[PDB]
Amino acid sequence: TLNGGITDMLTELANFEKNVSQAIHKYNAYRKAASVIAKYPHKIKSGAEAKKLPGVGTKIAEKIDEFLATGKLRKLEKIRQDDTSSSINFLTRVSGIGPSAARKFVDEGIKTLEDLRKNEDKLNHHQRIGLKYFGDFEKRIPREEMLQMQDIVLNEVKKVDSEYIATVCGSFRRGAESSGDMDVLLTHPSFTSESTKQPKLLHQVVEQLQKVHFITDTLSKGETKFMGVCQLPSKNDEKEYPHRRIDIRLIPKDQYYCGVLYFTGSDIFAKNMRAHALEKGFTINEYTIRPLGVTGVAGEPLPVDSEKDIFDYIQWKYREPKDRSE
DNA sequence: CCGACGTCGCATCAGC
DNA sequence: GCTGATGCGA
DNA sequence: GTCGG
Ligand SMILES: Cc1cn([C@H]2C[C@H](O)[C@@H](COP(=O)(O)NP(=O)(O)OP(=O)(O)O)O2)c(=O)[nH]c1=O
Ligand SMILES: [Mn+2]
Ligand SMILES: [Mn+2]
Ligand code: NA
Ligand code: NA
């Protein structure tokens, strides 16, 4: 954490441009610069040194100079005491609330935590639940708790159909000592790129995980993606565990490796990999890696049978999950 | 300079 | 009801 | 905001 103050500054700038300015690319530029600096093994002595890194240009270099000299950045000081910006930035932290909904909520005077509670009738379902567990969602999950949840999910899954395979991707698979949520890839042999030989495949798993009071809430649900809330069971006389966000993704069994690559992350690592795939003339999603034609239009799925195979096509040495934490 | 910036799932709304 | 765009999220 | 070309 050598360059902690800097990466925080850029991350805060990223949040600003996303939530307030609604400038998504600026937001990704800051997050990209913060990431490349995050894994820079030196304590940066000057902006020009940082400018030697990709994703770090003139404007950020100048801001880094200002930060390194004063210990602060004036643009952020101004933003911090801007009440509208501070209000919008806050509302966006509630799940289901983005820059647009936050901005309009502020136009109605709804700009604090109680504002959201007394005006509960103005939220859709996602925002209602996202506010219901705002406090709990702020807490991280120690890896120890992640391990408990994986036993439950994997065993409950086993009980519905023993051919379900369930893998816990996300930062957990990246070996993080603490995660922000739980991410689960799911594969049943009846669901391939060829056919859905069984309906309700994901529904029945959600159903089972609700029966055991593991999944307490749903933010959204489809035939391939679930977004909701879970909770570890506490013993007698114990304070309850915080409610945890959970994501479940049903991906066609034969397209597992593109799926496990996608959901393992990190999100930036992905964005850099897929952007590199393009420069090599490939396009990767959670399903397939495919070549790009002479006209841009992608061709047929190339054969993939390992995580490493996808790294090969784009001329990248395989990086274990632990090393994708950009 | 400038075009492009990973890719896609669900909720939701506009328009028909 | 559907198609496509938009908002928010993975 | 950055950068390839
Ligand atoms: C949010 C998000 C996720 N993803 C992919 C990569 C993430 O690793 C994976 C899971 O989403 P997440 O749980 O929001 N990210 P996380 O598991 O990497 O980090 P954390 O430990 O939950 O905070 O999905 C993207 O590719 N773009 C995104 O914007
Ligand atoms: Mn996660
Ligand atoms: Mn997640
Ligand atoms: Na640079
Ligand atoms: Na949000």
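Each answer follows from the model by the rule given with it, or from the source it names; none is laboratory data. Backbone-built Cβ (ideal geometry, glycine too); neighbour counts: all protein chains shown.
Which of (1) in the same structural domain as residue A:253 (by CATH); (2) touching a strand residue (DSSP E or B) at 6+ places or on another chain (Cβ under 7 Å) does residue A:133 not meet, given it meets every other one?
(1)
What about residue A:74, is it outside the structural domain of residue A:101 (by CATH), free of Cβ contacts under 8 Å to residues at least 60 places away in the same chain and of a type in the set (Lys, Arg)?
Yes, satisfied.
Which of the residues that make up the stretch A:267-303 are more than 16 Å from DNA strand D (Cβ to nearest atom), over 26 Å from the mean Cα position of the chain (by Cα) and either of a type in the set (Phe, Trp, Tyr) or in a strand (DSSP E or B) (or both)?
A:291, A:298
Considering only the stretch A:168-216, state which residues are more than 17 Å from residue A:229 (Cα to Cα), among the hydroxyl-bearing types (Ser, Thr, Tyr) and buried (at least 18 other Cβ atoms within 10 Å of the Cβ).
Residues satisfying the conditions are A:171, A:187.
Which numbered condition in (1) closer than 24 Å to residue A:10 by Cβ; (2) within 16 Å of DNA strand B (Cβ to nearest atom) is the only one that residue A:123 fails?
(1)
For the stretch A:15-47, give me each residue that is under 18 Å from the mean Cα position of the chain (by Cα), among the small types (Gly, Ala, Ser) and surrounded by fewer than 20 Cβ atoms within 10 Å (Cβ to Cβ).
A:38
Can you pull out every residue in the stretch A:93-139 that is within 23 Å of the chain's Cα centre (by Cα), surrounded by fewer than 19 Cβ atoms within 10 Å (Cβ to Cβ) and either of a type in the set (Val, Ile, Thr) or more than 25 Å from residue A:243 (Cα to Cα) (or both)?
Within the stretch A:93-139, A:100, A:103 qualify.
When only residues in the stretch A:117-170 that are out of contact with any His (no Cβ under 7 Å at 6 or more places or on another chain) and in a loop (DSSP other than H, G, I, E, B) count, which is farthest from ligand 5 (Cβ to nearest atom)?
A:162
For the stretch A:249-262, state whether one or more residues are surrounded by fewer than 19 Cβ atoms within 10 Å (Cβ to Cβ) and of a type in the set (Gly, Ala, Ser).
No: zero hits.
Assess whether residue A:268 counts as being within 13 Å of ligand 1 (Cβ to nearest atom), within 20 Å of residue A:304 (Cα to Cα), of a type in the set (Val, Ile, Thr) and touching a helix residue (DSSP H, G or I) at 6+ places or on another chain (Cβ under 8 Å).
It is false that residue A:268 is within 13 Å of ligand 1 (Cβ to nearest atom), within 20 Å of residue A:304 (Cα to Cα), of a type in the set (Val, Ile, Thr) and touching a helix residue (DSSP H, G or I) at 6+ places or on another chain (Cβ under 8 Å).
Which members of the stretch A:185-198 meet the condition of being in contact (Cβ under 8 Å) with a residue 12 or more places away in the chain and closer than 25 Å to residue A:217 by Cα?
Answer for the stretch A:185-198, where residues must be in contact (Cβ under 8 Å) with a residue 12 or more places away in the chain and closer than 25 Å to residue A:217 by Cα: A:185, A:186, A:187, A:188.
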